[PDB]
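Note sheet for the following structure.
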Amino acid sequence: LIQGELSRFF
Amino acid sequence: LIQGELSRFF
Amino acid sequence: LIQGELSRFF
Amino acid sequence: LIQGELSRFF
Amino acid sequence: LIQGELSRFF
Amino acid sequence: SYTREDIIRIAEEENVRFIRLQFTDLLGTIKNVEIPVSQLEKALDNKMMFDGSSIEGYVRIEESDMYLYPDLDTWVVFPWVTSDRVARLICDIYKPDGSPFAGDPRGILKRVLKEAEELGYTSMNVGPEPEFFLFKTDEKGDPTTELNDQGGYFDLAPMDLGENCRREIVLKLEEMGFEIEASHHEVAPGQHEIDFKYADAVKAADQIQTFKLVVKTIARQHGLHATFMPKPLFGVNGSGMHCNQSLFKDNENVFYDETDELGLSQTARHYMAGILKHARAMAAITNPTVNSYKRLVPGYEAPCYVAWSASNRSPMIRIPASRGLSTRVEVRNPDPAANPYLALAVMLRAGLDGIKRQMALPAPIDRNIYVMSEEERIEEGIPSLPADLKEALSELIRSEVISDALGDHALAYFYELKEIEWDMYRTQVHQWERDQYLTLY
Amino acid sequence: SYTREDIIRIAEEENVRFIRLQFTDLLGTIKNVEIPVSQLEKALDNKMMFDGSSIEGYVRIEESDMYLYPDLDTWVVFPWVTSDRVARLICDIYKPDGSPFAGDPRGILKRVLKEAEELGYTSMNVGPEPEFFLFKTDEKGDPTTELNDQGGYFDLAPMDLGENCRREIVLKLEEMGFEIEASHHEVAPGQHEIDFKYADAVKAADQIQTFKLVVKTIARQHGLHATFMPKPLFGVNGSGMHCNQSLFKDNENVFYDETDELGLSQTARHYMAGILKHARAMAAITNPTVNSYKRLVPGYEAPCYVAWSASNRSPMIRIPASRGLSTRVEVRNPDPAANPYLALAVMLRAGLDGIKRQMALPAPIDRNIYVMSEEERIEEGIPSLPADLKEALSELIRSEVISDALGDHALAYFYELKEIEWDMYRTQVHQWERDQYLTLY
Amino acid sequence: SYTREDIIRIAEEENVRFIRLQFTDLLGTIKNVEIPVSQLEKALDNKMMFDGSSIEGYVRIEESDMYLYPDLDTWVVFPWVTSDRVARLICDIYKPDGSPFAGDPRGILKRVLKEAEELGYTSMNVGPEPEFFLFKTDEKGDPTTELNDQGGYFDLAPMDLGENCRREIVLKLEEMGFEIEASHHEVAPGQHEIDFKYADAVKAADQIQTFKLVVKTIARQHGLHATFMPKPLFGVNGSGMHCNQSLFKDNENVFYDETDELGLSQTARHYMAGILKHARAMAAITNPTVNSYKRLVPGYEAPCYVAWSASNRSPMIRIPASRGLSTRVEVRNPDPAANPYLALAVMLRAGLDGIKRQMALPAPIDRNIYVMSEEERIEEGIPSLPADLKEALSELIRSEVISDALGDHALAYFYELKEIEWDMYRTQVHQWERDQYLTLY
Ligand SMILES: NC(=O)CC[C@H](N)C(=O)O
Ligand SMILES: NC(=O)CC[C@H](N)C(=O)O
Ligand SMILES: NC(=O)CC[C@H](N)C(=O)O
Ligand SMILES: [Mg+2]
Ligand SMILES: [Mg+2]
Ligand SMILES: [Mg+2]
Ligand SMILES: [Mg+2]
Ligand SMILES: [Mg+2]
Ligand SMILES: [Mg+2]
């Protein structure tokens with residue numbers, strides 16, 4: 001879930 | 001019959 | 001049929 | 001005879 | 001005739 | 001509105017030199033026949049002939065003859081023409097005998113709207129939410145893999161990142177006659193969304209086509225590349241085209257019911273049930289490309305299961321909180337790559353089929369995330385959307401309801417096109433395979 | 001129209017300094033004699049002498065003396081001359097004794113039209129479909145292998161792809177005096193077909209020549225290269241010159257017959273039968289180059305068999321759905337490399353010969369694709385077009401009907417030209433041979 | 001000669017580690033199955049199996065199983081192997097039931113020789129004259145367009161041009177057991193010829209195959225490229241494979257007749273007549289490639305007409321001045337690209353057909369050069385060879401005499417291969433076409 005949301009750390 | 005039309009994939 | 005065989009022309 | 005004009009092929 | 005023979009001038 | 005005399009008047013006044021007789025093929029591509037202004041009267045008399053087999057795409061087998069019937073209400077003059085003004089008209093395709101062509105997507109949507117009117121529903125009000133990505137170009141003018149910015153959801157970067165080539169698009173659309181609601185930055189970097197006000201289905205689809213063309217042109221002007229690819233990049237959010245629908249009967253919203261607990265009439269519930277039961281069959285039309293099913297993966301807000309809710313991670317159908325005259329049913333499967341006419345036609349036909357048979361609405365899904373096992377999912381009766389284009393095509397073939405919506409002629413050609421596309425895709429050897437293998441084996 | 005006094009009046013008013021006395025040789029190349037405006041009266045008095053043997057091309061053996069008879073109706077002033085205006089006149093070639101030259105293609109077409117008028121047919125209405133490829137140029141301005149764009153059938157790209165160098169061409173043509181019907185992107189990438197309204201045969205051929213010249217000039221202006229080569233690239237669609245023909249007798253279409261099932265008169269059927277019977281003989285004129293027979297290969301919509309149909313993949317003769325005063329016979333063999341005057345002359349003569357002998361029209365070909373074996377094809381009596389220039393030349397020599405259309409003088413010189421061309425082509429060692437062999441053997 | 005025990009003895013003595021079981025396909029390419037020395041006894045017992053469908057080339061449809069029957073007399077050890085010695089054996093192809101494979105070219109030649117022996121002719125003595133070109137290579141090791149030298153007919157440039165990579169080829173062949181007659185520079189620059197002493201037909205074909213392989217290997221060693229292309233360059237002489245033939249009956253030359261004016265027996269005249277009538281049918285075998293017919297053009301000593309003469313510019317059959325046991329019939333049509341087994345088989349079969357029917361020899365042509373018109377040529381009954389591969393294939397199909405020489409299985413596959421080759425060739429757009437056109441049109 002929220003994979004594209006957590007892109008700021010990646 | 002249709003061969004020249006399929007040039008978009010080629 | 002014979003697709004990889006006719007590769008000499010391609 | 002027409003060598004001068006046949007220059008298009010040459 | 002002798003087209004390939006006269007190649008020395010060409 | 002407009003009339004023949006009005007069109008001639010603006011054409012003479014605006015110094016319009018060239019007219020585009022626009023139409024759409026089965027794949028949603030915008031096609032046109034360029035026309036000098038001296039042929040405007042002939043065009044307005046519905047006397048222009050063209051191939052017509054160009055609708056079938058690359059699977060056309062024989063050349064036909066069809067007439068272009070321009071829609072006078074679609075007249076507009078492009079703003080960037082500058083020196084030599086260019087205008088456009090959106091036309092319907094007619095056979096020489098006088099009957100409309102069965103393979104024209106606009107005619108398909110018109111026919112579905114007519115059979116909706118046969119049940120008393122005067123209009124179908126549609127509001128789409130198309131999203132797009134902006135990519136930087138290279139010296140040759142080709143799109144690179146770098147986004148134009150790195151913003152987030154509803155971010156604000158006034159200088160060159162937040163709005164940039166989005167303010168200009170909205171301004172040009174407003175000058176073009178569009179009714180823009182709002183614009184904002186989307187979740188993924190380089191992703192933007194512009195919303196229009198709601199309009200009738202045919203007008204909504206025409207506006208979608210014009211919007212895509214205008215966005216692409218203006219992005220090209222700013223040295224950028226705009227794409228409506230469903231999933232241009234892996235690991236980031238895809239682009240969807242959520243469609244908000246509401247049936248109307250004499251400016252009365254038939255979806256509204258103040259007495260209902262959720263403010264939803266029985267008609268609306270039947271509509272949603274019909275859309276839910278036929279979802280897997282419509283997937284091939286609303287998600288037509290191979291790349292469309294790379295978007296339908298969990299974790300990126302795209303729907304992956306056939307279910308409805310008022311609040312969830314990613315339901316197939318969402319019901320916005322607005323009530324009264326603005327009560328709507330939002331379908332979130334479609335991506336901007338879909339044909340607007342065909343997608344709206346199949347969604348409306350599925351809803352009408354639900355209405356006709358008084359289909360029973362399944363229970364909404366609660367905050368229960370789908371981390372549950374497949375046994376839990378099929379125990380609760382939650383279907384899943386097709387995993388790729390092949391499954392969607394098989395479901396399309398097996399369906400007798402939305403295949404009737406497409407009609408006999410368009411169904412065969414769409415199936416041939418998508419079968420060829422899938423066959424070309426499935427035999428490719430991708431770089432991912434050469435990365436995993438070629439060393440380990 | 002125009003008169004001598006009118007021509008002098010515009011020449012003085014427009015500040016025309018130079019006049020091109022244009023004519024055409026047997027290969028379709030546009031030739032001219034440049035003239036200062038001070039010699040306009042002498043030119044209009046039909047008193048200008050020139051070689052006249054330049055019609056024969058590179059096989060001319062002796063210099064003659066011949067007069068130019070300008071056609072006043074062909075007067076036009078080029079728009080790109082700017083500073084020093086240049087005008088043109090299309091002239092007929094006359095022997096010094098006063099009789100027209102038998103080797104002039106325009107005279108040949110006029111003679112065939114005269115013998116048509118002897119049967120009561122006042123005019124031959126012709127509308128051609130000349131398609132061309134737009135290639136890119138290098139620093140020295142030489143045609144490269146890269147196309148100007150990668151578009152498809154009726155593709156729309158307002159930037160510089162679908163239209164690109166086409167709007168300016170249409171504008172220039174219209175200004176000169178061309179009635180442009182419509183323009184669109186052709187199937188193969190970098191192909192843009194501009195269509196004109198129908199005109200009489202001589203006017204149609206003059207317009208074809210002027211159109212080719214104007215397209216080449218405008219394409220060169222934009223740093224592009226325009227070619228009417230029948231098959232510039234392998235594996236993509238070629239360029240054709242489909243000619244739509246209808247015989248007229250005092251503004252009455254003699255091809256029309258409301259009582260007929262297909263709306264075709266017996267005269268039209270005899271015309272089509274005559275064209276079908278002599279097709280292999282006219283192939284050397286309508287497809288005059290070696291490259292012309294690389295287009296006549298299956299799978300690219302070009303005709304390969306002598307047959308007619310109302311709807312087929314690629315018939316020799318197609319009948320459009322239009323009826324009434326616009327009923328036409330479309331012949332799809334010719335390519336733009338053909339001489340318009342000679343092609344129209346031989347097609348009209350074959351049709352008139354079919355009318356004279358009351359030939360029986362063979363049965364149309366159905367949706368039966370020609371995947372059938374050669375035994376099926378010659379069992380059904382379906383002839384095939386010549387496979388190369390040599391076969392076409394042999395058929396031309398053996399034919400007594402269209403050789404009479406060409407005449408005795410033009411036939412010998414055309415045969416000599418094409419024989420020399422074929423002999424030069426057949427002895428070459430191409431790169432394909434060096435790729436296949438030179439390592440295998 | 002050799003025996004099983006002898007072969008094992010040399011293999012152990014010479015430290016042979018690898019053995020090539022060589023055979024030939026229908027296109028004349030040398031194919032092999034590599035074998036470790038530990039499998040030598042199994043190979044000599046005729047027990048190795050392989051596909052066998054590899055004979056058909058790229059038109060093979062199903063995998064078969066076939067046995068290799070090595071010919072012990074063909075044993076030889078390559079000299080360049082150095083460290084790990086490699087030997088070879090030429091094998092015949094046998095079906096699993098025990099009968100020879102009908103599609104094996106060596107078996108075809110053996111069968112034709114057997115039916116010759118049935119008429120009392122014990123052997124057919126054959127001496128070929130294969131010519132080849134030497135090209136300089138680039139850094140990557142690919143052939144360029146520059147010849148290795150610029151010598152002429154029988155020229156002498158001892159340093160690096162005249163002999164160059166020809167002395168070592170002769171030396172290596174001599175060490176291999178070849179009987180070399182003489183070597184000289186050919187007419188065209190970079191062209192060389194090496195002649196062998198006469199041998200029986202099967203041995204002659206085996207020697208031709210080995211000679212081609214050895215020449216290619218040695219040329220590659222010297223940083224050069226050797227090709228047996230019939231016409232690698234335009235405007236210079238091509239490469240031929242003149243075949244000198246004489247029938248023998250118990251060490252007696254049946255072609256010799258001291259009483260005859262020309263010293264030719266009636267048997268020899270019947271042989272020549274039979275070869276002459278079936279010339280156009282054999283052309284597809286003796287000239288099998290597309291490039292083969294670029295050599296058959298006038299002015300470069302290649303034959304172009306079906307006629308015989310003791311002294312002429314380009315006769316199809318030449319009779320050398322030698323008499324007695326060396327009276328021969330020289331056939332000059334074949335090029336080195338031809339399959340030696342098939343070419344010898346079809347020539348011998350045509351000659352035997354001439355002998356059987358007591359065919360009448362047409363009159364020899366005098367010093368009358370063929371500058372005479374085609375009317376003179378067909379008035380004198382002088383046939384011409386096919387102008388391209390297509391005509392030769394049509395004649396091959398139409399012929400019942402040499403198609404029997406090929407047999408039912410080999411004819412179909414050879415015809416399929418050649419149709420595919422011609423079809424790929426005929427649709428190409430060559431650079432010559434883009435040079436002539438693309439500017440003029
Ligand atoms: N609404 C959002 O937060 C974005 C939705 C997401 N882009 C999709 O493809 O569905
Ligand atoms: N009409 C078309 O679709 C194109 C015709 C095709 N280019 C030809 O050479 O005939
Ligand atoms: N001197 C010769 O006979 C040369 C013959 C020529 N090389 C050929 O290809 O036939
Ligand atoms: Mg959104
Ligand atoms: Mg939404
Ligand atoms: Mg066209
Ligand atoms: Mg056409
Ligand atoms: Mg020699
Ligand atoms: Mg010899």
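By order of appearance in the structure tokens: chains A, B, ..., then residues from 1 within every chain, and ligands from 1 in the order shown.
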
For residue 301 (chain G): contacts at 9 Å, only C-alpha atoms, fewer than 3 positions along chain excluded, given as a ChimeraX atom specification: /B:1-2,4 /F:62 /G:237-238,296-298,304,313-315

When the cut-off is 10 Å and you count only C-alpha atoms and all ligand atoms, which residues lie near ligand 8, shown as a ChimeraX atom specification? /H:129-132,153,183-187,191-195,238-242,301,332

If you keep N, CA, C and O atoms, can you produce a file of those selected residues as a compact mmCIF listing (two decimals), in the first residue's frame?
# COMPACT_ATOMS: atom_id res chain seq x y z
N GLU H 129 37.33 -25.82 -64.12
CA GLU H 129 38.18 -24.63 -64.15
C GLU H 129 37.55 -23.53 -63.31
O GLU H 129 37.05 -22.53 -63.83
N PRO H 130 37.57 -23.68 -61.98
CA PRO H 130 36.95 -22.66 -61.12
C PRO H 130 37.84 -21.44 -60.95
O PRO H 130 39.05 -21.55 -60.79
N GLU H 131 37.21 -20.27 -60.99
CA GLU H 131 37.90 -19.00 -60.83
C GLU H 131 37.34 -18.27 -59.62
O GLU H 131 36.17 -18.44 -59.26
N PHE H 132 38.17 -17.46 -58.98
CA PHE H 132 37.78 -16.76 -57.77
C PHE H 132 38.42 -15.39 -57.73
O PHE H 132 39.40 -15.11 -58.43
N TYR H 153 45.46 -10.69 -67.74
CA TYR H 153 45.46 -12.08 -68.18
C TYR H 153 46.89 -12.62 -68.22
O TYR H 153 47.74 -12.07 -68.93
N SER H 183 48.42 -22.74 -62.61
CA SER H 183 47.72 -21.59 -62.06
C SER H 183 48.16 -20.34 -62.80
O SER H 183 49.30 -20.25 -63.27
N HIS H 184 47.25 -19.37 -62.90
CA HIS H 184 47.56 -18.14 -63.60
C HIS H 184 46.61 -17.05 -63.13
O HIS H 184 45.59 -17.31 -62.50
N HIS H 185 46.98 -15.81 -63.45
CA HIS H 185 46.11 -14.67 -63.19
C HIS H 185 45.02 -14.61 -64.25
O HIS H 185 45.27 -14.86 -65.43
N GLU H 186 43.81 -14.27 -63.83
CA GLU H 186 42.68 -14.23 -64.73
C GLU H 186 42.56 -12.85 -65.37
O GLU H 186 43.36 -11.95 -65.11
N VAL H 187 41.55 -12.69 -66.22
CA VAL H 187 41.40 -11.46 -66.99
C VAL H 187 41.12 -10.27 -66.08
O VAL H 187 41.79 -9.24 -66.15
N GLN H 191 41.53 -11.52 -59.95
CA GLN H 191 40.90 -12.80 -60.27
C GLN H 191 41.98 -13.82 -60.60
O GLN H 191 42.91 -13.53 -61.36
N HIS H 192 41.85 -15.02 -60.04
CA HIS H 192 42.84 -16.07 -60.20
C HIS H 192 42.15 -17.39 -60.54
O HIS H 192 40.97 -17.59 -60.24
N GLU H 193 42.90 -18.28 -61.18
CA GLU H 193 42.40 -19.59 -61.55
C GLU H 193 43.46 -20.64 -61.25
O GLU H 193 44.64 -20.44 -61.53
N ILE H 194 43.03 -21.76 -60.68
CA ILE H 194 43.88 -22.91 -60.43
C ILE H 194 43.19 -24.14 -61.02
O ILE H 194 42.03 -24.40 -60.70
N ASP H 195 43.90 -24.87 -61.87
CA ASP H 195 43.35 -26.02 -62.56
C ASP H 195 43.88 -27.31 -61.95
O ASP H 195 45.05 -27.40 -61.58
N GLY H 238 33.32 -11.87 -64.97
CA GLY H 238 32.85 -12.71 -63.90
C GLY H 238 33.69 -13.96 -63.74
O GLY H 238 34.69 -14.17 -64.43
N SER H 239 33.26 -14.81 -62.81
CA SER H 239 33.93 -16.07 -62.54
C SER H 239 33.09 -17.22 -63.08
O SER H 239 31.90 -17.31 -62.79
N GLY H 240 33.72 -18.09 -63.87
CA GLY H 240 33.07 -19.25 -64.42
C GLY H 240 33.68 -20.54 -63.88
O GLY H 240 34.73 -20.53 -63.23
N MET H 241 32.99 -21.64 -64.16
CA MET H 241 33.43 -22.97 -63.74
C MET H 241 33.31 -23.93 -64.92
O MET H 241 32.64 -24.96 -64.84
N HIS H 242 33.89 -23.55 -66.06
CA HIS H 242 33.95 -24.40 -67.24
C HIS H 242 34.23 -25.84 -66.86
O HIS H 242 35.18 -26.12 -66.12
N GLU H 301 33.00 -12.59 -72.07
CA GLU H 301 33.38 -13.97 -72.37
C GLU H 301 32.43 -15.00 -71.79
O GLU H 301 32.61 -16.19 -72.05
N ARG H 332 30.65 -24.17 -70.60
CA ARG H 332 31.13 -22.95 -69.95
C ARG H 332 30.04 -22.19 -69.21
O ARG H 332 30.35 -21.16 -68.60

Do you know which residues are at most 9 Å from residue 382 (chain H) counting only C-alpha atoms, after dropping those on the same chain fewer than 6 positions away, and could you put them as a list in words? residues 305, 306, 307 and 376 of chain H

Any idea what's packed within 8 Å of residue 294 (chain G), counting only C-alpha atoms, ignoring anything in its chain fewer than 2 positions away? Could you give it as a list in words? residues 230, 231, 290, 291, 292, 296 and 297 of chain G; 426, 427, 428 and 429 of chain H

Please, what distance in Å, to one decimal, runs between CA of residue 254 (chain H) and CA of residue 267 (chain H)?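 Separation between CA of residue 254 (chain H) and CA of residue 267 (chain H): 6.9 Å.
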
Residues of chain F within 7 Å of chain A, counting only C-alpha atoms, what are they? List them as a PDB file with N, CA and C atoms, in the first residue's frame.
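File produced: part11.pdb:
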ATOM      1  N   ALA F 188       2.080  11.580  -8.309  1.00  0.00           N
ATOM      2  CA  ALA F 188       3.397  11.251  -8.822  1.00  0.00           C
ATOM      3  C   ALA F 188       4.113  12.504  -9.317  1.00  0.00           C
ATOM      4  N   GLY F 235       6.802   1.864 -10.379  1.00  0.00           N
ATOM      5  CA  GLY F 235       6.992   2.279  -9.010  1.00  0.00           C
ATOM      6  C   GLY F 235       6.354   3.598  -8.635  1.00  0.00           C
ATOM      7  N   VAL F 236       5.761   4.312  -9.589  1.00  0.00           N
ATOM      8  CA  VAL F 236       5.059   5.556  -9.315  1.00  0.00           C
ATOM      9  C   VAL F 236       3.601   5.384  -9.722  1.00  0.00           C
ATOM     10  N   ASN F 237       2.779   6.345  -9.315  1.00  0.00           N
ATOM     11  CA  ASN F 237       1.356   6.293  -9.614  1.00  0.00           C
ATOM     12  C   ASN F 237       1.113   6.368 -11.114  1.00  0.00           C
ATOM     13  N   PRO F 298      -1.746  -3.413  -7.163  1.00  0.00           N
ATOM     14  CA  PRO F 298      -2.048  -2.850  -5.844  1.00  0.00           C
ATOM     15  C   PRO F 298      -0.990  -1.863  -5.379  1.00  0.00           C
ATOM     16  N   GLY F 299      -1.435  -0.890  -4.586  1.00  0.00           N
ATOM     17  CA  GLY F 299      -0.546   0.042  -3.930  1.00  0.00           C
ATOM     18  C   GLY F 299      -0.404   1.400  -4.582  1.00  0.00           C
ATOM     19  N   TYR F 300      -1.196   1.707  -5.609  1.00  0.00           N
ATOM     20  CA  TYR F 300      -1.072   2.981  -6.311  1.00  0.00           C
ATOM     21  C   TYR F 300      -2.432   3.614  -6.571  1.00  0.00           C
TER      22      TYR F 300
END

If we count only C-alpha atoms, what is near residue 5 (chain H) at a cut-off of 12 Å, once residues fewer than 6 positions away on the same chain are taken out, given as an MDAnalysis selection string? chainID H and resid 11:12 40:41 44 72

Can I get the selection written as an mmCIF file, in the first residue's frame, with C-alpha atoms?
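selection24.cif, freshly written:
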data_model
loop_
_atom_site.group_PDB
_atom_site.id
_atom_site.type_symbol
_atom_site.label_atom_id
_atom_site.label_comp_id
_atom_site.auth_asym_id
_atom_site.auth_seq_id
_atom_site.Cartn_x
_atom_site.Cartn_y
_atom_site.Cartn_z
ATOM 1 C CA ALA H 11 44.333 -41.539 -36.821
ATOM 2 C CA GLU H 12 46.360 -43.030 -33.970
ATOM 3 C CA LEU H 40 35.830 -43.131 -35.271
ATOM 4 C CA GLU H 41 34.925 -46.827 -35.179
ATOM 5 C CA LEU H 44 33.192 -46.209 -39.820
ATOM 6 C CA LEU H 72 37.077 -44.091 -46.867
#

Got a sec to tell me which of region 50-289 of chain F DSSP assigns to strand (DSSP E), as an mmCIF file with C-alpha atoms, in the first residue's frame?
data_model
loop_
_atom_site.group_PDB
_atom_site.id
_atom_site.type_symbol
_atom_site.label_atom_id
_atom_site.label_comp_id
_atom_site.auth_asym_id
_atom_site.auth_seq_id
_atom_site.Cartn_x
_atom_site.Cartn_y
_atom_site.Cartn_z
ATOM 1 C CA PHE F 50 -13.455 9.855 -47.536
ATOM 2 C CA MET F 66 -18.379 7.328 -46.279
ATOM 3 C CA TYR F 67 -19.741 10.834 -45.813
ATOM 4 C CA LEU F 68 -18.701 13.317 -43.135
ATOM 5 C CA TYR F 69 -21.630 14.965 -41.321
ATOM 6 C CA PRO F 70 -20.143 17.885 -39.359
ATOM 7 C CA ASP F 71 -21.644 18.856 -36.009
ATOM 8 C CA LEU F 72 -22.105 22.619 -36.134
ATOM 9 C CA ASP F 73 -22.018 22.957 -32.339
ATOM 10 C CA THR F 74 -18.421 21.662 -32.276
ATOM 11 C CA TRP F 75 -17.030 24.580 -34.293
ATOM 12 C CA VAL F 76 -13.977 26.272 -32.792
ATOM 13 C CA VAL F 77 -10.954 28.216 -34.053
ATOM 14 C CA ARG F 85 -6.424 30.667 -38.983
ATOM 15 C CA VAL F 86 -7.362 26.990 -38.733
ATOM 16 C CA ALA F 87 -10.756 25.822 -37.486
ATOM 17 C CA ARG F 88 -12.209 22.394 -36.804
ATOM 18 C CA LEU F 89 -15.511 20.548 -36.921
ATOM 19 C CA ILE F 90 -16.277 17.179 -35.342
ATOM 20 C CA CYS F 91 -18.143 15.016 -37.835
ATOM 21 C CA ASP F 92 -20.214 11.844 -37.784
ATOM 22 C CA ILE F 93 -19.624 9.057 -40.298
ATOM 23 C CA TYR F 94 -22.502 8.117 -42.598
ATOM 24 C CA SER F 123 -29.385 12.934 -20.694
ATOM 25 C CA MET F 124 -26.301 11.347 -19.147
ATOM 26 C CA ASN F 125 -24.149 13.908 -17.331
ATOM 27 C CA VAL F 126 -20.445 13.028 -17.341
ATOM 28 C CA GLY F 127 -17.431 14.621 -15.705
ATOM 29 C CA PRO F 128 -14.024 13.105 -16.433
ATOM 30 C CA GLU F 129 -10.757 13.502 -14.526
ATOM 31 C CA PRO F 130 -7.927 12.875 -17.008
ATOM 32 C CA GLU F 131 -4.370 12.942 -15.683
ATOM 33 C CA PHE F 132 -1.165 13.256 -17.679
ATOM 34 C CA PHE F 133 2.605 13.274 -17.256
ATOM 35 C CA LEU F 134 5.085 15.900 -18.444
ATOM 36 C CA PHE F 135 8.511 14.752 -19.633
ATOM 37 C CA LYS F 136 11.561 16.762 -20.631
ATOM 38 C CA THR F 137 12.681 16.464 -24.248
ATOM 39 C CA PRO F 143 10.866 12.451 -24.680
ATOM 40 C CA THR F 144 13.492 11.477 -22.135
ATOM 41 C CA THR F 145 12.875 9.560 -18.898
ATOM 42 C CA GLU F 146 13.157 12.633 -16.648
ATOM 43 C CA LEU F 147 10.065 14.320 -15.238
ATOM 44 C CA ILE F 180 -12.453 24.467 -16.348
ATOM 45 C CA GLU F 181 -13.173 23.661 -12.700
ATOM 46 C CA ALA F 182 -9.713 23.419 -11.121
ATOM 47 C CA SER F 183 -6.173 22.192 -11.702
ATOM 48 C CA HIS F 184 -3.618 20.728 -9.322
ATOM 49 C CA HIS F 185 -0.431 18.707 -9.147
ATOM 50 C CA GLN F 191 1.852 14.398 -13.054
ATOM 51 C CA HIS F 192 -0.908 16.990 -13.422
ATOM 52 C CA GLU F 193 -4.699 17.001 -13.532
ATOM 53 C CA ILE F 194 -7.150 19.504 -15.016
ATOM 54 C CA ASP F 195 -10.878 19.100 -14.370
ATOM 55 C CA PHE F 196 -13.713 20.431 -16.514
ATOM 56 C CA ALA F 199 -21.458 18.165 -19.656
ATOM 57 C CA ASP F 200 -23.513 15.728 -21.693
ATOM 58 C CA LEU F 224 8.072 19.341 -23.014
ATOM 59 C CA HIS F 225 6.340 16.058 -23.802
ATOM 60 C CA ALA F 226 2.841 15.321 -22.515
ATOM 61 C CA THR F 227 1.691 11.710 -22.373
ATOM 62 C CA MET F 241 -9.588 8.911 -16.155
ATOM 63 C CA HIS F 242 -12.200 8.550 -13.408
ATOM 64 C CA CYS F 243 -15.621 9.153 -14.957
ATOM 65 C CA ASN F 244 -18.365 10.722 -12.842
ATOM 66 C CA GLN F 245 -21.805 9.795 -14.171
ATOM 67 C CA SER F 246 -25.365 10.750 -13.289
ATOM 68 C CA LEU F 247 -28.538 10.006 -15.236
ATOM 69 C CA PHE F 248 -31.005 12.846 -15.757
#

Under the rule that only C-alpha atoms are counted, which of F:168, F:63, F:250, F:174 is the nearest residue to chain G? F:63

Could you write out, as a ChimeraX atom specification, all the residues of region 4-226 of chain F that DSSP marks as alpha helix (DSSP H)? /F:4-13,40-44,105-117,167-175,201-221

Between atom 3 (O, counted along the ligand's line) of ligand 1 and CA of residue 338 (chain F), distance in Å (one decimal): 19.1 Å

Residues near residue 30 (chain G), cut-off 10 Å, only C-alpha atoms, skip fewer than 4 positions along chain, as a PyMOL selection string: chain G and resi 22-26+209-210+212-213

Requested write-out: C-alpha atoms of the selected residues, as a PDB file, in the first residue's frame:
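Contents of result_13.pdb, as written:
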ATOM      1  CA  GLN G  22       6.512  25.010 -70.992  1.00  0.00           C
ATOM      2  CA  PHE G  23       6.124  21.663 -72.734  1.00  0.00           C
ATOM      3  CA  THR G  24       6.579  17.995 -71.863  1.00  0.00           C
ATOM      4  CA  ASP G  25       8.767  15.237 -73.276  1.00  0.00           C
ATOM      5  CA  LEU G  26       7.898  11.555 -73.642  1.00  0.00           C
ATOM      6  CA  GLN G 209       2.410  18.729 -64.097  1.00  0.00           C
ATOM      7  CA  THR G 210       2.014  22.098 -62.374  1.00  0.00           C
ATOM      8  CA  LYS G 212       4.333  18.273 -59.190  1.00  0.00           C
ATOM      9  CA  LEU G 213       6.466  21.326 -59.964  1.00  0.00           C
TER      10      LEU G 213
END

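Distance check against chain H using only C-alpha atoms: of G:9, G:418, G:216, G:106, the minimum falls on G:216.
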
Non-local contacts of residue 39 (chain G) (12 Å; only C-alpha atoms; under 5 positions in same chain excluded) as a list in words: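 The residues that qualify are residues 8, 11, 16, 17, 18, 19, 20, 21, 33, 34, 44, 45, 46, 47 and 48 of chain G.
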